[PDB]
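Structure, as structure tokens:
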Amino acid sequence: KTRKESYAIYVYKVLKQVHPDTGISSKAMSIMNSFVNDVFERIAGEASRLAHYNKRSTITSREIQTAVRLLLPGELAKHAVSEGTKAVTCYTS
Amino acid sequence: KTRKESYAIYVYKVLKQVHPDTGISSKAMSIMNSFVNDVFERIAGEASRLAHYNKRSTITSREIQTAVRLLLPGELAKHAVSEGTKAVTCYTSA
Amino acid sequence: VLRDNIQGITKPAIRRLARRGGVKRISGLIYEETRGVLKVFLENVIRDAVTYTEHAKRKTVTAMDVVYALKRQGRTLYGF
Amino acid sequence: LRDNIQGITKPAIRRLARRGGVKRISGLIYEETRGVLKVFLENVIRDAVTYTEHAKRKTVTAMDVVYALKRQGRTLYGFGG
Amino acid sequence: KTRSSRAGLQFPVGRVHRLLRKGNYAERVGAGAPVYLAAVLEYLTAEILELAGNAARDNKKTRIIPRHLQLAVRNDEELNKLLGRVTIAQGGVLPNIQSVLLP
Amino acid sequence: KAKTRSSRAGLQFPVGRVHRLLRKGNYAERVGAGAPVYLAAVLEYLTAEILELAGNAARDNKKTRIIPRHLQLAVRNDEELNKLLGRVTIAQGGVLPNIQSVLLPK
Amino acid sequence: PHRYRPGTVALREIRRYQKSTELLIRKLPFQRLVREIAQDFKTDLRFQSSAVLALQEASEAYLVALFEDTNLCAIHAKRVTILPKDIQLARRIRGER
Amino acid sequence: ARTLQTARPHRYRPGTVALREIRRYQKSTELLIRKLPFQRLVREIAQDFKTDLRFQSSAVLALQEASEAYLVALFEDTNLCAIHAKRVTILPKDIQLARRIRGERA
DNA sequence: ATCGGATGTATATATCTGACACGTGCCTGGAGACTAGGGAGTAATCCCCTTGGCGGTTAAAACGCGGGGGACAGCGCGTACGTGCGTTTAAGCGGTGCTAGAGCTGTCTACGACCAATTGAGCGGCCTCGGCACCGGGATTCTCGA
């Protein structure tokens with residue numbers, strides 16, 4: 001019929017790690033999808049502006065780090081930047 | 001030295017046709033310049049967002065009109081869209 | 001056409017809204033005031049909704065148009 | 001540089017409040033106001049310093065403050081915006 | 001070997017790279033930007049789903065409904081700032097009564 | 001001979017400049033050929049509409065140089081230019097004279 | 001015979017409504033209102049079903065929130081009732097007017 | 001008939017010098033905080049983020065502008081709260097209510 | 001405070017569906033490999049402008065005090081708001097019908113990116129004088145005590 005992509009299955013895979021026996025309904029999955037979209041758009045927009053300021057064109061893993069430091073609040077920023085640098089380290093090898 | 005740009009001379013050419021005898025200061029010129037930049041960014045960003053929802057791949061003279069009609073308040077919108085369409089007509093037929 | 005449909009927002013409805021918000025004793029003149037406020041809010045949102053619809057050459061106000069109209073005002077909405 | 005917030009003295013707060021339009025100040029405002037101003041300044045200089053150390057330099061420019069302001073909803077015209 | 005598994009993630013690094021490229025953000029998307037961004041998004045959705053499940057458990061249910069996401073977010077102190085302006089649908093209000101009102 | 005693109009439309013603001021900014025600002029993959037003209041028309045309309053009130057203020061104040069205070073007056077005294085600039089702060093613009101009525105003596 | 005003291009059913013309703021998530025305004029009159037407010041901007045408007053509800057949901061989270069502030073203003077004046085000069089302050093402080 | 005033309009000890013009660021300072025400040029447009037104390041305050045606050053920054057001389061000034069245009073505006077709102085409670089003084093429970101309603105505390 | 005009861009709410013068993021969770025094909029978005037090229041990293045260097053220090057001066061801050069206006073507490077009056085009961089009314093729900101208009105696909109072409117040669121607009125550096133800030137001395141208004 002009509003193909004529309006969403007973050008439902010990944011949200012489900014994460015739920016099955018944080019709580020191995022609970023299950024999201026349909027409305028709550030729609031809400032989590034909208035939340036992921038919103039946060040993605042915030043971080044991407046801030047990284048774009050932050051690259052435009054220093055007169056560059058590559059949006060590399062430094063701009064995303066600085067944008068996470070700007071957007072996310074005090075504590076979430078630390079754990080988010082930690083998870084990010086850990087993942088890029090475990091990916092570049 | 002490296003040459004940076006602004007809207008100084010154009011704001012001045014407009015001042016010298018709205019008030020043919022007044023003259024702008026320096027800080028007021030920088031304020032008008034940053035105002036023009038800010039409104040430029042607002043309008044172009046909304047126009048982009050609008051030319052994205054519709055899956056178009058271009059930002060045409062109608063995305064700009066709808067952006068101007070969303071951002072600008074009640075009556076500024078009508079005069080702004082009139083000046084815009086007049087300029088675009090006078091430009092295309094030349 | 002329709003007319004004077006704002007009166008459908010009854011007194012018990014506003015009362016229940018206030019009770020959810022935490023109120024305990026509502027005055028008498030409130031109902032008209034909140035009717036006016038709600039009408040203003042709805043006008044401001046539906047204006048942008050209809051603009052977003054017109055731009056796409058459609059005649060049905062989608063749900064994403066209402067979501068975008070709300071987001072453009074700093075009031076996002078999760079679930080549509 | 002320790003305990004400089006006392007530099008926002010009482011007459012300065014009086015003048016700000018006069019320009020604000022108030023007529024009869026209380027006596028306790030002059031500490032709530034310093035607290036508010038310190039919170040605002042921290043919230044702005046944090047993003048200013050982030051913007052200035054992302055660009056690999058050690059000088060807080062005026063564009064950095066303009067950006068850190070515009071990002072919180074409060075733009076500012078006149079300083080190269 | 002998908003590029004997400006190579007990082008030890010659950011979010012689609014490929015799809016995030018595609019979105020960053022095709023969203024008109026910058027001229028040339030880097031290499032380790034989608035990995036970082038997918039990791040951040042995964043961390044955030046885990047941090048919110050954990051409290052959502054907790055809230056749904058205390059209410060003796062096994063399904064997470066918007067009431068539980070509302071509770072999880074608004075009860076936290078740093079997610080309530082991130083989602084400071086959103087209005088989760090079917091969410092309701094956090095129960096609270098001003099002390100002056102109750103007898 | 002050449003003929004500036006912003007002179008074929010009766011505008012003062014540059015159209016080639018606005019077009020280059022739209023192109024190299026990463027707003028979309030393609031820019032219509034009449035979008036910069038429309039946008040430059042709107043920009044010069046707004047700047048003329050504010051400079052006119054600024055000059056009116058600077059004249060009704062017996063000066064002959066527009067100065068930040070005059071722009072602050074021209075904006076905050078209007079009603080629609082006030083919503084377009086409800087969040088901005090105009091450096092060195094002061095504030096608008098206003099005193100509540102409960103405070104004025106009786 | 002028996003009569004709850006004036007004002008004690010208020011808190012019962014408060015706890016009953018703050019705990020649920022239903023929609024407080026009747027759905028059909030709100031659909032009519034939203035459908036006739038848009039008659040000033042176009043005429044052949046259709047209002048896809050899940051749009052109206054969308055609006056309605058938002059249009060509750062506004063009013064509730066507004067009352068959460070109105071109460072504060074009332075409590076500021078050493079009061080209990082929320083008279084219509086509270087809504088106006090609560091809307092002028094947040095810049096909505 | 002003639003040619004028309006345009007031209008041809010003490011102790012103020014409490015509350016009057018205030019209504020005069022209000023009128024003389026709501027019309028001026030200078031900065032109402034000393035510059036060296038604000039310099040030092042900005043430099044001292046930026047220690048908690050990075051040790052030795054250099055604070056280009058237009059940065060500091062910039063901050064000052066905003067730091068006024070915030071506080072002043074805040075006071076306006078608090079004023080109303082005071083007038084709302086049927087009084088004339090502004091109290092710390094007014095600033096807190098303004099900041100709560102306005103969104104800065106929640 | 002003490003009961004007595006009367007209303008409301010919370011607990012637990014039965015049951016009943018419909019929405020969530022899982023397995024299936026299958027289509028295209030993602031992964032691998034390789035190349036070319038320009039964007040970013042790195043070394044040199046230069047000069048701007050930030051920091052630091054110092055002396056004078058004088059504007060602004062700090063302190064203390066007298067008292068009058070304002071905040072706050074305490075009472076009576078009365079009305080307008082809540083609670084309960086008996087009415088009306090239209091919301092909601094189910095079921096039918098139907099037609100407007102969203103949505104998707106193929107064909108064609110007008111339009112914007114790209115590239116080359118060029119040339120004049122505007123940008124940086126130089127004067128320079130008129131608008132504006134400053135000072136002084138009138139008139140002119142406003143507040144307050146009598």
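Residue numbering restarts at 1 in every chain; chains get A, B, ... in the order shown in the structure tokens, and ligands count up from 1 in that same order.
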
Subject >> Residue neighbourhood residue 20 in chain F, 10 Å, only C-alpha atoms (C1' of nucleotides), exclusion window fewer than 5 positions, as a ChimeraX atom specification >> reply: /F:15,25,31,36

List every residue of chain D that has an atom at most 12 Å from any atom of range 34-47 of chain H, giving for each one its closest atom pair and the distance in Å to one decimal, counting only C-alpha atoms, sorted by chain and then by ascending residue number, as JSON lines.
{"residue": "D:1", "atom": "CA", "partner": "H:44", "partner_atom": "CA", "distance": 5.6}
{"residue": "D:2", "atom": "CA", "partner": "H:44", "partner_atom": "CA", "distance": 7.0}
{"residue": "D:3", "atom": "CA", "partner": "H:44", "partner_atom": "CA", "distance": 8.5}
{"residue": "D:4", "atom": "CA", "partner": "H:41", "partner_atom": "CA", "distance": 5.5}
{"residue": "D:5", "atom": "CA", "partner": "H:41", "partner_atom": "CA", "distance": 6.2}
{"residue": "D:6", "atom": "CA", "partner": "H:37", "partner_atom": "CA", "distance": 8.6}
{"residue": "D:7", "atom": "CA", "partner": "H:37", "partner_atom": "CA", "distance": 5.1}
{"residue": "D:8", "atom": "CA", "partner": "H:37", "partner_atom": "CA", "distance": 7.0}
{"residue": "D:9", "atom": "CA", "partner": "H:34", "partner_atom": "CA", "distance": 9.1}
{"residue": "D:10", "atom": "CA", "partner": "H:34", "partner_atom": "CA", "distance": 11.6}
{"residue": "D:11", "atom": "CA", "partner": "H:34", "partner_atom": "CA", "distance": 10.3}
{"residue": "D:12", "atom": "CA", "partner": "H:34", "partner_atom": "CA", "distance": 7.8}
{"residue": "D:13", "atom": "CA", "partner": "H:34", "partner_atom": "CA", "distance": 11.1}
{"residue": "D:15", "atom": "CA", "partner": "H:34", "partner_atom": "CA", "distance": 11.5}
{"residue": "D:34", "atom": "CA", "partner": "H:41", "partner_atom": "CA", "distance": 11.3}
{"residue": "D:37", "atom": "CA", "partner": "H:41", "partner_atom": "CA", "distance": 10.7}
{"residue": "D:38", "atom": "CA", "partner": "H:45", "partner_atom": "CA", "distance": 8.4}
{"residue": "D:39", "atom": "CA", "partner": "H:45", "partner_atom": "CA", "distance": 10.3}
{"residue": "D:40", "atom": "CA", "partner": "H:45", "partner_atom": "CA", "distance": 11.1}
{"residue": "D:41", "atom": "CA", "partner": "H:42", "partner_atom": "CA", "distance": 7.6}
{"residue": "D:42", "atom": "CA", "partner": "H:45", "partner_atom": "CA", "distance": 6.8}
{"residue": "D:43", "atom": "CA", "partner": "H:45", "partner_atom": "CA", "distance": 10.4}
{"residue": "D:44", "atom": "CA", "partner": "H:46", "partner_atom": "CA", "distance": 10.2}
{"residue": "D:45", "atom": "CA", "partner": "H:46", "partner_atom": "CA", "distance": 6.6}
{"residue": "D:46", "atom": "CA", "partner": "H:46", "partner_atom": "CA", "distance": 7.7}
{"residue": "D:47", "atom": "CA", "partner": "H:46", "partner_atom": "CA", "distance": 10.7}
{"residue": "D:48", "atom": "CA", "partner": "H:46", "partner_atom": "CA", "distance": 9.5}
{"residue": "D:49", "atom": "CA", "partner": "H:46", "partner_atom": "CA", "distance": 7.8}
{"residue": "D:50", "atom": "CA", "partner": "H:46", "partner_atom": "CA", "distance": 11.0}
{"residue": "D:52", "atom": "CA", "partner": "H:46", "partner_atom": "CA", "distance": 11.9}
{"residue": "D:59", "atom": "CA", "partner": "H:46", "partner_atom": "CA", "distance": 11.8}
{"residue": "D:60", "atom": "CA", "partner": "H:46", "partner_atom": "CA", "distance": 10.1}
{"residue": "D:65", "atom": "CA", "partner": "H:42", "partner_atom": "CA", "distance": 11.9}

**OP:** Could you give me, as a VMD selection string, each residue of chain F that DSSP assigns to helix (DSSP H, G or I) when run on this structure's backbone?
**Re:** chain F and resid 15 to 24 35 to 60 68 to 77 81 to 84

Expected file: the selected residues, C-alpha atoms, as a short mmCIF file (atom, residue, chain, number, x, y, z; two decimals), in the first residue's frame:
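Below is the file again30.cif, written as the result:
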data_model
loop_
_atom_site.label_atom_id
_atom_site.label_comp_id
_atom_site.auth_asym_id
_atom_site.auth_seq_id
_atom_site.Cartn_x
_atom_site.Cartn_y
_atom_site.Cartn_z
CA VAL F 15 19.02 41.03 -5.49
CA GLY F 16 22.19 39.27 -6.60
CA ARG F 17 23.41 39.40 -3.01
CA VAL F 18 20.16 38.00 -1.59
CA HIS F 19 20.28 35.30 -4.27
CA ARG F 20 23.83 34.31 -3.37
CA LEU F 21 22.87 34.19 0.32
CA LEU F 22 19.85 31.98 -0.40
CA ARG F 23 22.02 29.72 -2.55
CA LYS F 24 24.95 29.38 -0.14
CA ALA F 35 12.54 34.25 -4.97
CA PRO F 36 15.45 36.64 -4.25
CA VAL F 37 13.54 39.46 -5.94
CA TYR F 38 10.43 38.89 -3.84
CA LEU F 39 12.45 38.57 -0.63
CA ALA F 40 14.47 41.71 -1.35
CA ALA F 41 11.27 43.64 -2.05
CA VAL F 42 9.84 42.53 1.30
CA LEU F 43 13.09 43.40 3.09
CA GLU F 44 13.22 46.91 1.67
CA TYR F 45 9.53 47.44 2.39
CA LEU F 46 10.01 46.55 6.05
CA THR F 47 13.16 48.63 6.41
CA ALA F 48 11.48 51.64 4.79
CA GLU F 49 8.41 51.22 6.99
CA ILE F 50 10.57 51.32 10.10
CA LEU F 51 12.97 54.04 8.91
CA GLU F 52 10.00 56.29 8.16
CA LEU F 53 8.71 56.12 11.73
CA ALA F 54 12.27 56.49 13.00
CA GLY F 55 12.68 59.69 11.00
CA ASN F 56 9.29 60.96 12.13
CA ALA F 57 10.40 60.43 15.73
CA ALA F 58 13.82 62.01 15.22
CA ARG F 59 12.11 65.03 13.65
CA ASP F 60 9.39 65.38 16.29
CA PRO F 68 18.84 53.88 18.54
CA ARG F 69 16.39 55.60 20.88
CA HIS F 70 14.41 56.72 17.84
CA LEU F 71 14.22 53.16 16.51
CA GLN F 72 13.07 51.89 19.90
CA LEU F 73 10.37 54.58 19.94
CA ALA F 74 9.30 53.89 16.35
CA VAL F 75 8.94 50.17 17.09
CA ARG F 76 7.39 50.09 20.55
CA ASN F 77 4.96 52.89 19.68
CA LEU F 81 5.97 46.39 14.33
CA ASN F 82 5.80 45.56 18.05
CA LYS F 83 4.74 41.95 17.47
CA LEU F 84 7.37 41.43 14.77
#

Contact residues (chain B, partner chain C, 9 Å, only C-alpha atoms) as an mmCIF file with N, CA and C atoms, in the first residue's frame:
data_model
loop_
_atom_site.group_PDB
_atom_site.id
_atom_site.type_symbol
_atom_site.label_atom_id
_atom_site.label_comp_id
_atom_site.auth_asym_id
_atom_site.auth_seq_id
_atom_site.Cartn_x
_atom_site.Cartn_y
_atom_site.Cartn_z
ATOM 1 N N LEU B 50 8.842 25.149 4.988
ATOM 2 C CA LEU B 50 7.609 24.985 4.234
ATOM 3 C C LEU B 50 7.839 24.273 2.910
ATOM 4 N N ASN B 54 6.176 19.886 2.063
ATOM 5 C CA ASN B 54 5.518 19.562 0.806
ATOM 6 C C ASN B 54 6.381 18.717 -0.117
ATOM 7 N N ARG B 62 6.657 31.446 -4.103
ATOM 8 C CA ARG B 62 5.403 31.229 -3.399
ATOM 9 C C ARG B 62 5.605 30.684 -1.997
ATOM 10 N N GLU B 63 6.632 29.855 -1.793
ATOM 11 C CA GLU B 63 7.065 29.548 -0.437
ATOM 12 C C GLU B 63 7.401 30.827 0.311
ATOM 13 N N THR B 66 4.081 32.661 1.258
ATOM 14 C CA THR B 66 3.396 32.060 2.398
ATOM 15 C C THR B 66 4.183 32.271 3.687
ATOM 16 N N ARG B 69 3.476 35.674 4.820
ATOM 17 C CA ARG B 69 2.117 35.790 5.323
ATOM 18 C C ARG B 69 1.934 35.092 6.666
ATOM 19 N N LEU B 70 2.794 34.126 6.993
ATOM 20 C CA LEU B 70 2.760 33.514 8.319
ATOM 21 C C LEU B 70 3.470 34.375 9.357
#

Original post:
Which chain A residues are at most 7 Å from chain D (counting only C-alpha atoms), as an MDAnalysis selection string?
Top reply: chainID A and resid 54 66 70

Using C-alpha atoms, can you export the residues from the last selection as a PDB file, in the first residue's frame?
ATOM      1  CA  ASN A  54      32.743  28.929  12.112  1.00  0.00           C
ATOM      2  CA  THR A  66      28.835  20.689  21.161  1.00  0.00           C
ATOM      3  CA  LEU A  70      24.164  23.143  24.424  1.00  0.00           C
TER       4      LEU A  70
END

Original post:
How many Å lie between CA of residue 82 in chain E and CA of residue 40 in chain A, rounded to one decimal?
Top reply: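 Distance reported for this atom pair: 12.8 Å.
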
Original post:
What are the DSSP strand (DSSP E) residues of chain E, as number ranges by chain?
Top reply: E: 28-29, 63-64, 87-88

**OP:** Identify all chain G residues at most 10 Å from chain H by counting only C-alpha atoms; ligands do not count. Present them as an MDAnalysis selection string.
**Re:** chainID G and resid 66 68:70 72:79 85:86 89:95

Can I get the selection written as an mmCIF file, in the first residue's frame, with N, CA and C atoms?
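See part_11.cif below for the written result:
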data_model
loop_
_atom_site.group_PDB
_atom_site.id
_atom_site.type_symbol
_atom_site.label_atom_id
_atom_site.label_comp_id
_atom_site.auth_asym_id
_atom_site.auth_seq_id
_atom_site.Cartn_x
_atom_site.Cartn_y
_atom_site.Cartn_z
ATOM 1 N N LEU G 66 -3.624 27.384 31.989
ATOM 2 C CA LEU G 66 -3.956 28.759 32.335
ATOM 3 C C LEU G 66 -4.573 28.838 33.722
ATOM 4 N N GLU G 68 -4.129 26.749 36.168
ATOM 5 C CA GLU G 68 -3.053 26.504 37.120
ATOM 6 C C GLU G 68 -2.335 27.790 37.480
ATOM 7 N N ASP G 69 -2.285 28.744 36.553
ATOM 8 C CA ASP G 69 -1.682 30.029 36.859
ATOM 9 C C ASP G 69 -2.683 30.974 37.498
ATOM 10 N N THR G 70 -3.924 30.967 37.011
ATOM 11 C CA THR G 70 -4.937 31.864 37.551
ATOM 12 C C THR G 70 -5.063 31.686 39.054
ATOM 13 N N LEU G 72 -2.856 30.709 41.184
ATOM 14 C CA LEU G 72 -1.736 31.369 41.846
ATOM 15 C C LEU G 72 -2.023 32.847 42.040
ATOM 16 N N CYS G 73 -2.436 33.529 40.968
ATOM 17 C CA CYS G 73 -2.735 34.950 41.085
ATOM 18 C C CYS G 73 -3.810 35.189 42.131
ATOM 19 N N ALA G 74 -4.857 34.363 42.127
ATOM 20 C CA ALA G 74 -5.871 34.467 43.167
ATOM 21 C C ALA G 74 -5.242 34.302 44.539
ATOM 22 N N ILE G 75 -4.452 33.242 44.719
ATOM 23 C CA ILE G 75 -3.804 33.014 46.000
ATOM 24 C C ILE G 75 -2.861 34.157 46.340
ATOM 25 N N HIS G 76 -2.385 34.889 45.332
ATOM 26 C CA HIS G 76 -1.516 36.023 45.615
ATOM 27 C C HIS G 76 -2.270 37.127 46.336
ATOM 28 N N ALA G 77 -3.548 37.308 46.015
ATOM 29 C CA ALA G 77 -4.347 38.356 46.627
ATOM 30 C C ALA G 77 -5.039 37.893 47.897
ATOM 31 N N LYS G 78 -4.518 36.855 48.545
ATOM 32 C CA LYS G 78 -5.117 36.282 49.745
ATOM 33 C C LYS G 78 -6.593 35.981 49.505
ATOM 34 N N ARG G 79 -6.830 35.093 48.545
ATOM 35 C CA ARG G 79 -8.168 34.808 48.061
ATOM 36 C C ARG G 79 -8.307 33.312 47.828
ATOM 37 N N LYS G 85 -10.283 39.194 36.892
ATOM 38 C CA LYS G 85 -9.099 40.035 36.819
ATOM 39 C C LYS G 85 -7.829 39.264 37.131
ATOM 40 N N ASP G 86 -7.935 37.957 37.358
ATOM 41 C CA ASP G 86 -6.776 37.090 37.506
ATOM 42 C C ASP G 86 -6.321 36.542 36.159
ATOM 43 N N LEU G 89 -4.254 39.145 34.315
ATOM 44 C CA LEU G 89 -2.870 39.232 34.767
ATOM 45 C C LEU G 89 -2.076 38.013 34.320
ATOM 46 N N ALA G 90 -2.654 36.823 34.489
ATOM 47 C CA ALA G 90 -1.966 35.601 34.106
ATOM 48 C C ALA G 90 -1.684 35.541 32.618
ATOM 49 N N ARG G 91 -2.469 36.235 31.794
ATOM 50 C CA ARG G 91 -2.200 36.294 30.366
ATOM 51 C C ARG G 91 -1.311 37.455 29.968
ATOM 52 N N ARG G 92 -1.221 38.497 30.787
ATOM 53 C CA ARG G 92 -0.330 39.592 30.444
ATOM 54 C C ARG G 92 1.100 39.335 30.889
ATOM 55 N N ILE G 93 1.299 38.576 31.967
ATOM 56 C CA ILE G 93 2.660 38.322 32.428
ATOM 57 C C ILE G 93 3.412 37.445 31.435
ATOM 58 N N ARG G 94 2.774 36.387 30.940
ATOM 59 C CA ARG G 94 3.423 35.476 30.007
ATOM 60 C C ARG G 94 3.480 36.015 28.588
ATOM 61 N N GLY G 95 3.155 37.286 28.380
ATOM 62 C CA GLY G 95 3.318 37.895 27.079
ATOM 63 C C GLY G 95 2.258 37.564 26.057
#

**OP:** Identify every residue of chain I that has at least one atom within 10 Å of any atom of chain C, counting only C-alpha atoms (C1' of nucleotides), and report the result as an MDAnalysis selection string.
**Re:** chainID I and resid 80:82 100:102

Would you mind exporting N, CA, C and O atoms (P, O5', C5', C4', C3', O3' and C1' of nucleotides) of the selected residues as a PDB file, in the first residue's frame?
ATOM      1  P    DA I  80     -24.065  39.651  44.385  1.00  0.00           P
ATOM      2  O5'  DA I  80     -23.011  38.675  43.693  1.00  0.00           O
ATOM      3  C5'  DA I  80     -21.828  38.321  44.390  1.00  0.00           C
ATOM      4  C4'  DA I  80     -21.788  36.831  44.673  1.00  0.00           C
ATOM      5  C3'  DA I  80     -22.246  35.931  43.519  1.00  0.00           C
ATOM      6  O3'  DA I  80     -21.383  34.826  43.425  1.00  0.00           O
ATOM      7  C1'  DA I  80     -23.347  35.333  45.456  1.00  0.00           C
ATOM      8  P    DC I  81     -20.528  34.569  42.097  1.00  0.00           P
ATOM      9  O5'  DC I  81     -19.974  33.087  42.301  1.00  0.00           O
ATOM     10  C5'  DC I  81     -19.123  32.806  43.398  1.00  0.00           C
ATOM     11  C4'  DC I  81     -19.677  31.673  44.242  1.00  0.00           C
ATOM     12  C3'  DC I  81     -19.981  30.390  43.480  1.00  0.00           C
ATOM     13  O3'  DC I  81     -18.910  29.471  43.626  1.00  0.00           O
ATOM     14  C1'  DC I  81     -21.613  30.904  45.191  1.00  0.00           C
ATOM     15  P    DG I  82     -18.993  28.020  42.942  1.00  0.00           P
ATOM     16  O5'  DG I  82     -19.642  27.091  44.071  1.00  0.00           O
ATOM     17  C5'  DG I  82     -18.940  26.874  45.288  1.00  0.00           C
ATOM     18  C4'  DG I  82     -19.714  25.964  46.230  1.00  0.00           C
ATOM     19  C3'  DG I  82     -20.004  24.569  45.701  1.00  0.00           C
ATOM     20  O3'  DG I  82     -19.917  23.641  46.759  1.00  0.00           O
ATOM     21  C1'  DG I  82     -22.038  25.654  46.196  1.00  0.00           C
ATOM     22  P    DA I 100     -19.292  15.262  -5.606  1.00  0.00           P
ATOM     23  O5'  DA I 100     -18.181  16.138  -4.869  1.00  0.00           O
ATOM     24  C5'  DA I 100     -18.465  16.706  -3.595  1.00  0.00           C
ATOM     25  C4'  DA I 100     -17.266  16.606  -2.667  1.00  0.00           C
ATOM     26  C3'  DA I 100     -15.973  17.198  -3.210  1.00  0.00           C
ATOM     27  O3'  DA I 100     -15.247  17.794  -2.152  1.00  0.00           O
ATOM     28  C1'  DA I 100     -15.656  14.901  -2.772  1.00  0.00           C
ATOM     29  P    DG I 101     -14.139  18.911  -2.460  1.00  0.00           P
ATOM     30  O5'  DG I 101     -12.760  18.125  -2.291  1.00  0.00           O
ATOM     31  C5'  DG I 101     -12.467  17.493  -1.063  1.00  0.00           C
ATOM     32  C4'  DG I 101     -11.370  16.462  -1.233  1.00  0.00           C
ATOM     33  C3'  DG I 101     -10.167  16.915  -2.062  1.00  0.00           C
ATOM     34  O3'  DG I 101      -8.992  16.423  -1.459  1.00  0.00           O
ATOM     35  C1'  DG I 101     -10.976  14.916  -2.904  1.00  0.00           C
ATOM     36  P    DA I 102      -7.731  17.380  -1.206  1.00  0.00           P
ATOM     37  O5'  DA I 102      -6.727  16.444  -0.398  1.00  0.00           O
ATOM     38  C5'  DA I 102      -7.204  15.693   0.700  1.00  0.00           C
ATOM     39  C4'  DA I 102      -6.741  14.250   0.615  1.00  0.00           C
ATOM     40  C3'  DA I 102      -5.273  14.061   0.251  1.00  0.00           C
ATOM     41  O3'  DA I 102      -4.722  13.027   1.043  1.00  0.00           O
ATOM     42  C1'  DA I 102      -6.626  12.894  -1.288  1.00  0.00           C
TER      43       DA I 102
END

**OP:** Within 9 Å of range 43-45 of chain G, counting only C-alpha atoms (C1' of nucleotides), which residues show up once you throw out same-chain ones fewer than 4 positions away? Write them as a list in words, please.
**Re:** residues 50, 59, 60 and 61 of chain C; 35, 38 and 39 of chain G

Residues from last step as file, C-alpha atoms, as an mmCIF file, in the first residue's frame:
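That gives us again.cif:
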data_model
loop_
_atom_site.group_PDB
_atom_site.id
_atom_site.type_symbol
_atom_site.label_atom_id
_atom_site.label_comp_id
_atom_site.auth_asym_id
_atom_site.auth_seq_id
_atom_site.Cartn_x
_atom_site.Cartn_y
_atom_site.Cartn_z
ATOM 1 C CA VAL C 50 -5.657 26.963 7.102
ATOM 2 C CA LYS C 59 -9.409 21.350 0.932
ATOM 3 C CA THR C 60 -9.070 19.142 4.036
ATOM 4 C CA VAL C 61 -7.272 20.391 7.146
ATOM 5 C CA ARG G 35 -15.762 23.986 12.320
ATOM 6 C CA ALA G 38 -12.683 28.473 10.310
ATOM 7 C CA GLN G 39 -15.561 29.851 8.225
#

Check which residues of chain I sit at most 12 Å from chain B using only C-alpha atoms (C1' of nucleotides), and return one row each with the closest pair of atoms and their distance in Å to one decimal, ordered by chain and rising number, as a Markdown table.
| residue | atom | partner | partner_atom | distance |
| --- | --- | --- | --- | --- |
| I:111 | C1' | B:58 | CA | 11.2 |
| I:112 | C1' | B:58 | CA | 9.5 |
| I:121 | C1' | B:9 | CA | 11.4 |
| I:122 | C1' | B:9 | CA | 8.8 |
| I:123 | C1' | B:3 | CA | 6.5 |
| I:124 | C1' | B:3 | CA | 7.6 |
| I:125 | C1' | B:1 | CA | 10.8 |
| I:131 | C1' | B:23 | CA | 10.3 |
| I:132 | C1' | B:25 | CA | 11.6 |

Only C-alpha atoms (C1' of nucleotides), please: the residues just picked out, written as a PDB file, in the first residue's frame.
ATOM      1  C1'  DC I 111      13.841  26.093 -15.421  1.00  0.00           C
ATOM      2  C1'  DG I 112      17.744  26.317 -12.410  1.00  0.00           C
ATOM      3  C1'  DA I 121      29.721  48.246  -8.049  1.00  0.00           C
ATOM      4  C1'  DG I 122      31.117  48.572  -3.602  1.00  0.00           C
ATOM      5  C1'  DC I 123      34.565  48.225  -0.276  1.00  0.00           C
ATOM      6  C1'  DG I 124      38.753  50.198   2.198  1.00  0.00           C
ATOM      7  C1'  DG I 125      41.442  54.331   3.096  1.00  0.00           C
ATOM      8  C1'  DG I 131      25.493  68.426  13.736  1.00  0.00           C
ATOM      9  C1'  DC I 132      25.636  67.635  18.387  1.00  0.00           C
TER      10       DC I 132
END

Original post:
Which residues come within 10 Å of residue 62 in chain G, counting only C-alpha atoms (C1' of nucleotides), excluding same-chain residues fewer than 4 positions away, as JSON, numbers by chain?
Top reply: {"C": [38, 41, 75], "E": [87], "G": [56, 57, 58, 66, 67, 68]}

Please, which residues in chain G fall within 9 Å of chain I when counting only C-alpha atoms (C1' of nucleotides), and what is the closest atom pair and distance in Å to one decimal for each, ordered by chain then residue number, as a tab-separated table?
residue	atom	partner	partner_atom	distance
G:2	CA	I:6	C1'	8.0
G:3	CA	I:83	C1'	7.5
G:4	CA	I:83	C1'	7.4
G:5	CA	I:83	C1'	8.4
G:6	CA	I:82	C1'	5.7
G:7	CA	I:82	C1'	6.4
G:9	CA	I:83	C1'	8.3
G:10	CA	I:82	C1'	8.7
G:26	CA	I:91	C1'	7.9
G:27	CA	I:91	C1'	8.6
G:28	CA	I:91	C1'	7.3
G:29	CA	I:91	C1'	8.9
